[PDB]
Structures are given as C-alpha cells and as structure tokens.
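**Student:** Below is model_12.cif; it holds mmCIF, C-alpha atoms.
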data_run
loop_
_atom_site.label_atom_id
_atom_site.label_comp_id
_atom_site.auth_asym_id
_atom_site.auth_seq_id
_atom_site.Cartn_x
_atom_site.Cartn_y
_atom_site.Cartn_z
CA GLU W 1 86.09 77.56 76.12
CA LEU W 2 88.90 75.19 75.09
CA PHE W 3 89.60 75.62 71.36
CA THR W 4 88.68 79.32 71.29
CA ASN W 5 90.68 80.00 74.47
CA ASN W 6 93.70 78.20 73.01
CA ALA W 7 93.40 80.15 69.76
CA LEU W 8 93.16 83.46 71.62
CA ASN W 9 96.08 82.56 73.91
CA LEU W 10 98.50 82.50 70.93
CA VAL W 11 102.09 81.82 72.12
CA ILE W 12 101.65 83.41 75.57
CA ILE W 13 100.21 80.19 77.02
CA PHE W 14 102.95 78.10 75.39
CA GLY W 15 105.50 80.32 77.13
CA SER W 16 104.91 78.38 80.35
CA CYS W 17 105.60 75.06 78.60
CA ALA W 18 108.71 76.48 76.92
CA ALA W 19 109.94 77.76 80.29
CA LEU W 20 109.29 74.35 81.85
CA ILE W 21 111.39 72.77 79.09
CA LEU W 22 114.11 75.37 79.75
CA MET W 23 113.99 74.57 83.47
CA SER W 24 114.37 70.87 82.70
CA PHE W 25 117.35 71.72 80.48
CA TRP W 26 118.86 73.81 83.29
CA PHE W 27 118.39 70.81 85.58
CA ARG W 28 120.39 68.96 82.94
CA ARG W 29 122.46 72.20 82.81
CA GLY W 30 123.10 71.77 79.07
CA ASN W 31 126.82 71.75 78.31
CA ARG W 32 128.00 70.87 81.83
CA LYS W 33 126.18 69.90 85.03
CA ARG W 34 127.40 72.85 87.10
CA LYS W 35 125.90 75.79 88.96
CA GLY W 36 126.96 79.15 90.33
CA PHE W 37 126.65 82.84 89.44
CA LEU W 38 125.61 82.75 85.77
CA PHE W 39 123.31 79.79 86.42
CA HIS W 40 121.31 81.78 88.97
CA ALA W 41 121.38 84.75 86.58
CA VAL W 42 119.86 82.82 83.67
CA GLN W 43 117.34 81.17 86.00
CA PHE W 44 116.24 84.59 87.27
CA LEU W 45 116.05 85.77 83.66
CA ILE W 46 113.76 82.97 82.52
CA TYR W 47 111.64 83.42 85.66
CA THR W 48 111.22 87.06 84.63
CA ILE W 49 110.26 85.81 81.17
CA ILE W 50 107.68 83.53 82.82
CA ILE W 51 106.15 86.46 84.68
CA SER W 52 106.18 88.65 81.56
CA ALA W 53 104.30 85.97 79.63
CA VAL W 54 101.85 85.49 82.51
CA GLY W 55 101.15 89.22 82.39
CA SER W 56 99.84 88.98 78.83
CA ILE W 57 98.12 85.68 79.65
CA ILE W 58 96.04 87.34 82.36
CA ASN W 59 95.62 90.46 80.21
CA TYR W 60 93.83 88.34 77.61
CA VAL W 61 91.65 86.53 80.18
CA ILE W 62 89.77 89.62 81.33
CA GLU W 63 89.71 91.05 77.79
CA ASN W 64 88.08 88.02 76.13
CA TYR W 65 85.66 87.00 78.92
CA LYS W 66 84.90 89.97 81.21
CA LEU W 67 86.79 93.03 82.49
CA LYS W 68 85.58 92.39 86.08
CA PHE W 69 87.64 94.33 88.67
CA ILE W 70 91.24 93.17 88.29
CA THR W 71 92.70 96.69 87.77
CA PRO W 72 95.93 95.46 86.09
CA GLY W 73 97.92 98.03 88.05
CA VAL W 74 97.77 95.76 91.09
CA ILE W 75 98.84 92.64 89.17
CA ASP W 76 101.82 94.41 87.63
CA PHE W 77 102.70 95.71 91.10
CA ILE W 78 102.52 92.11 92.35
CA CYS W 79 104.70 90.87 89.49
CA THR W 80 107.31 93.55 90.19
CA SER W 81 107.23 92.63 93.89
CA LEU W 82 107.78 88.95 93.03
CA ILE W 83 110.67 89.86 90.72
CA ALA W 84 112.24 91.93 93.50
CA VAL W 85 111.77 89.09 96.00
CA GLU D 1 73.34 95.16 99.73
CA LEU D 2 75.03 92.11 101.26
CA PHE D 3 75.58 89.49 98.55
CA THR D 4 76.05 92.03 95.74
CA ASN D 5 78.37 94.15 97.90
CA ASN D 6 80.44 91.08 98.79
CA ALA D 7 80.63 90.05 95.13
CA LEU D 8 81.73 93.54 94.07
CA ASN D 9 84.27 93.77 96.91
CA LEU D 10 86.31 90.87 95.41
CA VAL D 11 89.48 90.24 97.49
CA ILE D 12 89.88 93.85 98.66
CA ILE D 13 87.48 93.31 101.58
CA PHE D 14 89.17 90.01 102.50
CA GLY D 15 92.46 91.91 102.71
CA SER D 16 91.44 93.19 106.14
CA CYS D 17 90.77 89.64 107.38
CA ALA D 18 94.06 88.41 105.91
CA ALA D 19 95.89 91.27 107.62
CA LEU D 20 94.17 90.45 110.91
CA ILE D 21 95.37 86.86 110.55
CA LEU D 22 98.88 88.16 109.80
CA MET D 23 98.73 90.39 112.89
CA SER D 24 97.71 87.39 115.00
CA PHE D 25 100.64 85.45 113.53
CA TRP D 26 102.99 88.34 114.35
CA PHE D 27 101.62 88.26 117.90
CA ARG D 28 102.65 84.60 117.79
CA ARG D 29 105.72 85.92 115.90
CA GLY D 30 105.91 82.77 113.77
CA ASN D 31 109.31 81.11 114.06
CA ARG D 32 110.33 82.75 117.35
CA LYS D 33 108.51 85.00 119.83
CA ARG D 34 110.85 87.97 119.48
CA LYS D 35 110.64 91.60 118.41
CA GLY D 36 112.92 94.38 117.25
CA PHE D 37 113.89 96.15 114.02
CA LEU D 38 112.65 93.75 111.33
CA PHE D 39 109.48 93.04 113.33
CA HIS D 40 108.51 96.71 113.28
CA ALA D 41 109.48 96.82 109.59
CA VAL D 42 107.17 93.97 108.59
CA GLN D 43 104.39 95.36 110.80
CA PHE D 44 104.69 98.74 109.07
CA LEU D 45 104.68 96.93 105.72
CA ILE D 46 101.47 95.03 106.37
CA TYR D 47 99.87 98.20 107.77
CA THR D 48 100.72 99.87 104.46
CA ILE D 49 99.14 96.87 102.72
CA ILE D 50 96.03 97.38 104.89
CA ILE D 51 95.79 101.01 103.81
CA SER D 52 96.39 100.13 100.15
CA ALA D 53 93.54 97.60 100.27
CA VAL D 54 91.28 100.11 102.06
CA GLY D 55 91.96 102.56 99.24
CA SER D 56 90.42 100.23 96.67
CA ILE D 57 87.68 99.26 99.15
CA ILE D 58 86.53 102.88 99.42
CA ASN D 59 87.12 103.39 95.68
CA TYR D 60 84.51 100.72 94.97
CA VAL D 61 82.01 102.08 97.52
CA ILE D 62 81.44 105.40 95.77
CA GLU D 63 81.65 103.76 92.34
CA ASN D 64 78.94 101.14 92.93
CA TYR D 65 76.51 103.23 95.04
CA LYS D 66 77.03 106.97 94.40
CA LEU D 67 79.97 109.25 93.57
CA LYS D 68 78.85 111.80 96.22
CA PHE D 69 81.64 114.28 97.11
CA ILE D 70 84.56 112.21 98.43
CA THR D 71 87.14 113.62 95.96
CA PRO D 72 89.59 110.69 96.35
CA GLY D 73 92.50 113.12 96.36
CA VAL D 74 91.75 113.94 99.98
CA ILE D 75 91.50 110.28 101.05
CA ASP D 76 94.81 109.40 99.41
CA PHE D 77 96.33 112.46 101.09
CA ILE D 78 94.96 111.16 104.41
CA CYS D 79 96.34 107.67 103.76
CA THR D 80 99.78 109.10 102.95
CA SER D 81 99.63 111.20 106.12
CA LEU D 82 98.76 108.12 108.19
CA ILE D 83 101.63 106.17 106.60
CA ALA D 84 104.02 109.01 107.42
CA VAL D 85 102.73 109.18 111.01
#
What's the structure tokens form of this structure?

**Tutor:**
Amino acid sequence: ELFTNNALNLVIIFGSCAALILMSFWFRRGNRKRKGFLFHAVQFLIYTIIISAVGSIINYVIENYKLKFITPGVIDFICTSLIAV
Amino acid sequence: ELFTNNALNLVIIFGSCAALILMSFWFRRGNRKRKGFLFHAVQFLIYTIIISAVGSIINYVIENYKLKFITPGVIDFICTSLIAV
C-alpha cells in the first residue's frame, strides 16, 4: 500500500531523506567548504547510518507483507561487507 | 517441480550463473589479461561465494521436498573442508 506502508515505515524511511539532506549539507560543507580526514570520517559515519536505517526498512518489509526467504543473516552480512568496502 | 522450484530457489540458484559469468570475466581478466596474487585471491573469494550459495541451495531442497537424513552439519563440514583444500 501507500498510506499504510508509510505509517508502518515510521522514521526509518525518512532516514534516507534526512541522509540526503545531510549529504547536500556536506556538499555545502556547512561552516567551511573544505575536505580531508574528518570530512571522510563523517561521510562514512552517515553512510553507516544509512545502512543501519535500511536494515530496519527491509526488516519491516518482510514482516508486514510476507516473510518469504530473505533470511536476514545474509542481508546483514551484505551490509557489513559494504561497510568494510 | 520446475516453476515452483525456480520460484522457491530465489537468487540462490542464480548465484551459480552469476559466478560462471564472473569466472568468464576473470578468464577475460577485466581491465588487463594478467594473473598473480590478487587474481588467485579473488578467484578463491568467488569460489567461497559459490559454496555459500550452494549451502542455501541445498538447505532449501530438503526443506521444500523432504528433510530425509542429510544432517546439514556434515554438508557444512564438507564445505569447510573444500574451502580449506
């Protein structure tokens, strides 16, 4: 659905939009338009936040529609692999 | 069956085809037709991916047809032995 899916998503779905806003701010770089070290650190941090939110997003999808065969072990393994990469 | 088995296989069965495509690409070697060190490393990695996918493939076979007497402990022991070899 659309309204029911949005209601069940709670703030997990809005995490992607918030992270997009944060990425736009980092493109503006906030206080000063610079990059190096800490900039990459905070970018990696909010990417990890993106993946953490996506974990709950996909956890709700197979819980509110159908369990199917996702076996969330594999998706958390994939998320850890992406974080490592 | 054929259609039901394919539907229940999900992307685990297609992992073998994807790995075959990756092996063909490694035969083409992608950027440059060379080998050594990292080439063997990535080949071992995608072989491990093959075995990991086959684990779930065989896990679904005895779950959707009949449990029988496989005792998945022995098959994971065999897969670990093959990885070590």

**Student:** Taking only residues of chain W that have an atom at most 12 Å from an atom of chain D, what is each one's shortest atom pair and its distance in Å to one decimal, using all atoms listed in the file, in chain and number order, as CSV?

**Tutor:**
residue,atom,partner,partner_atom,distance
W:68,CA,D:8,CA,8.9
W:69,CA,D:10,CA,7.7
W:70,CA,D:10,CA,9.0
W:71,CA,D:56,CA,9.8
W:73,CA,D:56,CA,11.6
W:74,CA,D:52,CA,10.2
W:77,CA,D:52,CA,11.9
W:78,CA,D:49,CA,11.9

**Student:** Just need chain D moved onto chain W: least-squares over all Cα atoms matched in order, then output as a PDB file with C-alpha atoms, in the coordinates of the input.

**Tutor:**
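Saved file part-v2.pdb follows:
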ATOM      1  CA  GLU D   1      86.098  77.558  76.118  1.00  0.00           C
ATOM      2  CA  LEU D   2      88.900  75.194  75.087  1.00  0.00           C
ATOM      3  CA  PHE D   3      89.597  75.623  71.367  1.00  0.00           C
ATOM      4  CA  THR D   4      88.680  79.327  71.294  1.00  0.00           C
ATOM      5  CA  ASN D   5      90.682  79.995  74.470  1.00  0.00           C
ATOM      6  CA  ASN D   6      93.706  78.197  73.010  1.00  0.00           C
ATOM      7  CA  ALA D   7      93.395  80.151  69.758  1.00  0.00           C
ATOM      8  CA  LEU D   8      93.162  83.466  71.619  1.00  0.00           C
ATOM      9  CA  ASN D   9      96.073  82.558  73.916  1.00  0.00           C
ATOM     10  CA  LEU D  10      98.501  82.509  70.929  1.00  0.00           C
ATOM     11  CA  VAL D  11     102.088  81.813  72.124  1.00  0.00           C
ATOM     12  CA  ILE D  12     101.650  83.411  75.561  1.00  0.00           C
ATOM     13  CA  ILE D  13     100.206  80.192  77.021  1.00  0.00           C
ATOM     14  CA  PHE D  14     102.949  78.093  75.390  1.00  0.00           C
ATOM     15  CA  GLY D  15     105.498  80.319  77.129  1.00  0.00           C
ATOM     16  CA  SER D  16     104.913  78.384  80.347  1.00  0.00           C
ATOM     17  CA  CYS D  17     105.602  75.060  78.595  1.00  0.00           C
ATOM     18  CA  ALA D  18     108.710  76.486  76.919  1.00  0.00           C
ATOM     19  CA  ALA D  19     109.941  77.753  80.285  1.00  0.00           C
ATOM     20  CA  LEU D  20     109.292  74.346  81.844  1.00  0.00           C
ATOM     21  CA  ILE D  21     111.388  72.775  79.088  1.00  0.00           C
ATOM     22  CA  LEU D  22     114.111  75.368  79.748  1.00  0.00           C
ATOM     23  CA  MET D  23     113.983  74.576  83.476  1.00  0.00           C
ATOM     24  CA  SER D  24     114.372  70.870  82.697  1.00  0.00           C
ATOM     25  CA  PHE D  25     117.353  71.721  80.483  1.00  0.00           C
ATOM     26  CA  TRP D  26     118.868  73.809  83.293  1.00  0.00           C
ATOM     27  CA  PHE D  27     118.383  70.812  85.589  1.00  0.00           C
ATOM     28  CA  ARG D  28     120.395  68.964  82.943  1.00  0.00           C
ATOM     29  CA  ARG D  29     122.456  72.200  82.802  1.00  0.00           C
ATOM     30  CA  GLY D  30     123.100  71.766  79.074  1.00  0.00           C
ATOM     31  CA  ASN D  31     126.817  71.745  78.308  1.00  0.00           C
ATOM     32  CA  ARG D  32     127.994  70.863  81.828  1.00  0.00           C
ATOM     33  CA  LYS D  33     126.174  69.906  85.037  1.00  0.00           C
ATOM     34  CA  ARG D  34     127.402  72.849  87.097  1.00  0.00           C
ATOM     35  CA  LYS D  35     125.907  75.790  88.964  1.00  0.00           C
ATOM     36  CA  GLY D  36     126.961  79.153  90.325  1.00  0.00           C
ATOM     37  CA  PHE D  37     126.644  82.844  89.442  1.00  0.00           C
ATOM     38  CA  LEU D  38     125.615  82.755  85.772  1.00  0.00           C
ATOM     39  CA  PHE D  39     123.305  79.789  86.422  1.00  0.00           C
ATOM     40  CA  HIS D  40     121.311  81.777  88.969  1.00  0.00           C
ATOM     41  CA  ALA D  41     121.384  84.746  86.571  1.00  0.00           C
ATOM     42  CA  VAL D  42     119.857  82.822  83.669  1.00  0.00           C
ATOM     43  CA  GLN D  43     117.337  81.167  86.006  1.00  0.00           C
ATOM     44  CA  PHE D  44     116.248  84.590  87.272  1.00  0.00           C
ATOM     45  CA  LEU D  45     116.047  85.769  83.657  1.00  0.00           C
ATOM     46  CA  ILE D  46     113.759  82.977  82.516  1.00  0.00           C
ATOM     47  CA  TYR D  47     111.639  83.422  85.658  1.00  0.00           C
ATOM     48  CA  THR D  48     111.223  87.063  84.639  1.00  0.00           C
ATOM     49  CA  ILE D  49     110.259  85.818  81.169  1.00  0.00           C
ATOM     50  CA  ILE D  50     107.683  83.522  82.820  1.00  0.00           C
ATOM     51  CA  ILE D  51     106.157  86.458  84.678  1.00  0.00           C
ATOM     52  CA  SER D  52     106.184  88.653  81.562  1.00  0.00           C
ATOM     53  CA  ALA D  53     104.301  85.961  79.625  1.00  0.00           C
ATOM     54  CA  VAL D  54     101.846  85.486  82.516  1.00  0.00           C
ATOM     55  CA  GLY D  55     101.148  89.216  82.386  1.00  0.00           C
ATOM     56  CA  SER D  56      99.845  88.980  78.829  1.00  0.00           C
ATOM     57  CA  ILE D  57      98.115  85.674  79.652  1.00  0.00           C
ATOM     58  CA  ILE D  58      96.038  87.344  82.371  1.00  0.00           C
ATOM     59  CA  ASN D  59      95.628  90.462  80.201  1.00  0.00           C
ATOM     60  CA  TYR D  60      93.831  88.343  77.608  1.00  0.00           C
ATOM     61  CA  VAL D  61      91.655  86.535  80.177  1.00  0.00           C
ATOM     62  CA  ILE D  62      89.769  89.622  81.326  1.00  0.00           C
ATOM     63  CA  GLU D  63      89.705  91.041  77.794  1.00  0.00           C
ATOM     64  CA  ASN D  64      88.081  88.018  76.126  1.00  0.00           C
ATOM     65  CA  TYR D  65      85.660  86.998  78.922  1.00  0.00           C
ATOM     66  CA  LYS D  66      84.905  89.971  81.215  1.00  0.00           C
ATOM     67  CA  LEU D  67      86.791  93.030  82.487  1.00  0.00           C
ATOM     68  CA  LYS D  68      85.571  92.394  86.077  1.00  0.00           C
ATOM     69  CA  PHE D  69      87.630  94.334  88.669  1.00  0.00           C
ATOM     70  CA  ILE D  70      91.243  93.171  88.285  1.00  0.00           C
ATOM     71  CA  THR D  71      92.696  96.689  87.775  1.00  0.00           C
ATOM     72  CA  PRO D  72      95.924  95.461  86.097  1.00  0.00           C
ATOM     73  CA  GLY D  73      97.920  98.022  88.055  1.00  0.00           C
ATOM     74  CA  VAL D  74      97.763  95.763  91.090  1.00  0.00           C
ATOM     75  CA  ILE D  75      98.838  92.639  89.171  1.00  0.00           C
ATOM     76  CA  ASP D  76     101.824  94.409  87.631  1.00  0.00           C
ATOM     77  CA  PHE D  77     102.702  95.711  91.100  1.00  0.00           C
ATOM     78  CA  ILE D  78     102.527  92.108  92.357  1.00  0.00           C
ATOM     79  CA  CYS D  79     104.698  90.865  89.485  1.00  0.00           C
ATOM     80  CA  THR D  80     107.305  93.556  90.193  1.00  0.00           C
ATOM     81  CA  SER D  81     107.232  92.626  93.882  1.00  0.00           C
ATOM     82  CA  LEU D  82     107.776  88.952  93.028  1.00  0.00           C
ATOM     83  CA  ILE D  83     110.678  89.859  90.721  1.00  0.00           C
ATOM     84  CA  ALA D  84     112.244  91.929  93.497  1.00  0.00           C
ATOM     85  CA  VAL D  85     111.769  89.090  96.006  1.00  0.00           C
TER      86      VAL D  85
END

**Student:** Do you know which residues are at most 12 Å from residue 81 in chain D counting only C-alpha atoms, after dropping those on the same chain fewer than 5 positions away, and could you put them as a list in words?

**Tutor:**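 In the requested form, the answer reads residues 48, 51, 74, 75 and 76 of chain D.
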
**Student:** Emit the selected residues as a short mmCIF file (atom, residue, chain, number, x, y, z; two decimals), keeping the file's coordinate frame, including C-alpha atoms.

**Tutor:**
data_model
loop_
_atom_site.label_atom_id
_atom_site.label_comp_id
_atom_site.auth_asym_id
_atom_site.auth_seq_id
_atom_site.Cartn_x
_atom_site.Cartn_y
_atom_site.Cartn_z
CA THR D 48 100.72 99.87 104.46
CA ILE D 51 95.79 101.01 103.81
CA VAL D 74 91.75 113.94 99.98
CA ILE D 75 91.50 110.28 101.05
CA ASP D 76 94.81 109.40 99.41
#

**Student:** Taking the file as shown, what set of residues would the PyMOL selection byres ((chain D and resi 38-42) around 12) give back, as a PDB file with C-alpha atoms, in the coordinates of the input?

**Tutor:**
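Below is the file result-v4.pdb, written as the result:
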ATOM      1  CA  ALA D  19      95.890  91.270 107.620  1.00  0.00           C
ATOM      2  CA  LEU D  22      98.880  88.160 109.800  1.00  0.00           C
ATOM      3  CA  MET D  23      98.730  90.390 112.890  1.00  0.00           C
ATOM      4  CA  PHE D  25     100.640  85.450 113.530  1.00  0.00           C
ATOM      5  CA  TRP D  26     102.990  88.340 114.350  1.00  0.00           C
ATOM      6  CA  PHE D  27     101.620  88.260 117.900  1.00  0.00           C
ATOM      7  CA  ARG D  28     102.650  84.600 117.790  1.00  0.00           C
ATOM      8  CA  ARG D  29     105.720  85.920 115.900  1.00  0.00           C
ATOM      9  CA  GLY D  30     105.910  82.770 113.770  1.00  0.00           C
ATOM     10  CA  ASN D  31     109.310  81.110 114.060  1.00  0.00           C
ATOM     11  CA  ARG D  32     110.330  82.750 117.350  1.00  0.00           C
ATOM     12  CA  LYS D  33     108.510  85.000 119.830  1.00  0.00           C
ATOM     13  CA  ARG D  34     110.850  87.970 119.480  1.00  0.00           C
ATOM     14  CA  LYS D  35     110.640  91.600 118.410  1.00  0.00           C
ATOM     15  CA  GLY D  36     112.920  94.380 117.250  1.00  0.00           C
ATOM     16  CA  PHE D  37     113.890  96.150 114.020  1.00  0.00           C
ATOM     17  CA  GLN D  43     104.390  95.360 110.800  1.00  0.00           C
ATOM     18  CA  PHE D  44     104.690  98.740 109.070  1.00  0.00           C
ATOM     19  CA  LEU D  45     104.680  96.930 105.720  1.00  0.00           C
ATOM     20  CA  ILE D  46     101.470  95.030 106.370  1.00  0.00           C
ATOM     21  CA  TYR D  47      99.870  98.200 107.770  1.00  0.00           C
ATOM     22  CA  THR D  48     100.720  99.870 104.460  1.00  0.00           C
ATOM     23  CA  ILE D  49      99.140  96.870 102.720  1.00  0.00           C
TER      24      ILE D  49
END

**Student:** Enumerate, as a ChimeraX atom specification, the residues matched when the PyMOL selection byres ((chain W and resi 61) around 12) is run on the file above.

**Tutor:** /W:1,4-6,8-9,12-13,54-60,62-68,70,72

**Student:** CA of residue 52 in chain W and CA of residue 20 in chain W, how far apart in Å?

**Tutor:**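 Pair CA of residue 20 in chain W / CA of residue 52 in chain W returns 14.6 Å.
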
**Student:** Give me, please, the distance in Å between CA of residue 53 in chain D and CA of residue 79 in chain D, quoted to one decimal.

**Tutor:** 11.0 Å

**Student:** What is the distance between CA of residue 7 in chain W and CA of residue 82 in chain W, in Å to one decimal?

**Tutor:**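 One can read the CA of residue 7 in chain W to CA of residue 82 in chain W distance as 28.7 Å.
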